[PDB]
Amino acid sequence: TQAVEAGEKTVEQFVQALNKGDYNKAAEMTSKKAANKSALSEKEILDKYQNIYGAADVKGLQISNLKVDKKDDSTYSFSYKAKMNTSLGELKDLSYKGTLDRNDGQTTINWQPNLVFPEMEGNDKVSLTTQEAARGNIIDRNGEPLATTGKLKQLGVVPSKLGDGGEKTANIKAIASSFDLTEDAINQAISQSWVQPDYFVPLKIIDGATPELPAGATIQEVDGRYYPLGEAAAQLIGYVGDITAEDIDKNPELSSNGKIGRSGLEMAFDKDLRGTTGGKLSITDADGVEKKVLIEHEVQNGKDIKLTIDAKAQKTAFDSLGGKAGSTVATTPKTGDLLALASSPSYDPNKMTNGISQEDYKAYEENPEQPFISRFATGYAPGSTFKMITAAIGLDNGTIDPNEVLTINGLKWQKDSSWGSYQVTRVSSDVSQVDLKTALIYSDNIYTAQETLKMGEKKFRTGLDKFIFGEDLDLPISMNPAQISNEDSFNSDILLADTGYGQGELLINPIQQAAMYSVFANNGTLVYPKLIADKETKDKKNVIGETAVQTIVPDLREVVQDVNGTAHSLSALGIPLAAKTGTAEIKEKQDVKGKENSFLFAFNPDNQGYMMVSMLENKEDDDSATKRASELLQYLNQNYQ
């Protein structure tokens, strides 16, 4: 009994060495090489595990049901059940057994081939055959391809079929001008350390039709991942990359030759899209005869993922941003279907997945507008669009009378002298008797600031807490929950008023804004957005009152229709529009000149068929989201009713 506890310890640390992959440490816990003892030397055991466990990518050996007995003055037997993870999934219910040795004072293991796999004897071999799974597709709400696997045209040259000096330089210049490639990059491609004179050195993937091929230029079809919308949906869809050895160490069920999603939905739905590897892991005898099949199953190709995205709305939304920094979210607000999730500027995901230059990748990483940012999932201060919610809250708690007129003189206002030099500011002093309708049409900050301070912080937060602040949206998109402020209290009349008209410490991303603003298309019911097509519609009742929606939406119509409405340029469409604009000012202590973000909210107040939230980040002068929304509004109004 005093020594049986030492034997259980030995089996435990032997398994732990195999589990951690230290096959050398496990080999040094074996007996001397002899009959009825260890079957191989320590260095031979190290190679046995490294070859076999490495061939099947064995990872995580954990055991159970350990039993250690005594059969002799120095021969203690043991047995346990074990399970492990391999390239073909989990291998469970493994019955291991053996013996130990109690010579001197320490305890060692009489190693045998049955401690690699249970059924192995002597010089048995292990064989692994595998079949790659085809990656599933990502498709829009109408089955159009967003991410698919197809045949690509691979352009490349063979250095020997170019020339010997003047004939080679003439062809390199002819190939550079015929396929739009840097002539200095073609000479750097055939000069890499892996290139032989007769090899096919790939250059670029031509996406159109094959032009005339000069001397030495060839075209070779190759299968690869393809994104039809290109940069227009790069942030949302993402890209796949070559699987590394480090990836396999974390998940052995990946394909060493396959692709793995690196960002976006390709990474979010990698498990569903990549499928499962098929094949057979078997033990053979010394003659090659199949002795036992440990694992075997057929290849399961990846499942397709169908999104709510409209591929034509996505491309229209992205192109409307003109390469400027910004984002656009389009929904069907009654159900929550996300029609478009555009972010700009963007990167080329096809170039990204077909091998990209280190120079081209750094141009993306050092672009000040940062194309890699998923701006539709980035929190921003919403701007004056948030007045719709402050007003709705004020109507529900009886603070705001829609017809009551406030006297506001000039362009500046402060509660009292304790605000110092700070003042709320409005753009026009032409209306001194301001009601809710006028405040929404003109976007009067002073009206909103006074109504917010009038209702107070308690009532304001009571209405705010009924929305989705702090909630994690059920979306396959990485994002942080929206916030009202940094802490649970404003502890500032100035901060309270600023929050009223959408400034302050508010942080809401465009998707969360589309969710909060859905109340005005559902009589005060919030409808959570939805990206996966088959998902069920989830909502939130009684966020704001139905009375508030009936009061505010007719005013939002006048934001478009009134001759002085901030969105009056949208009247040219001639379609039923309810809108609200906004311009947020950002001045952190790192930039001298301040930045401005433009915002636009718009939906159909007749049929509630669509709803959009567009924004421009660090906008240029004489630029806005409203300037750019006509084309997407025409499409959404025509196709979503």
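Counting begins at 1, following the sequence as shown.
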item	value
Selected stretch [higher average CA B-factor]: 197-205 or 328-336	197-205
543-551 or 179-187, whichever carries the higher mean Cα B-factor	179-187
Deposited CA B-factor, highest of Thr462, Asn110, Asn301, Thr499	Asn110
Selection from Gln50, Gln590, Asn604, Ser598 [criterion: highest C-alpha temperature factor in the record]	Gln590
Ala625, C-alpha B-factor rank within chain (lowest, middle or highest third)	lowest
Modelled-residue ranking by C-alpha temperature factor, third containing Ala17	highest
Third of the chain, ranked by Cα B-factor, where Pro345 sits	lowest
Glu167 - which third its CA temperature factor falls in, relative to the rest of the chain	highest
Ranked against its chain, the third holding the CA B-factor of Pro576	middle
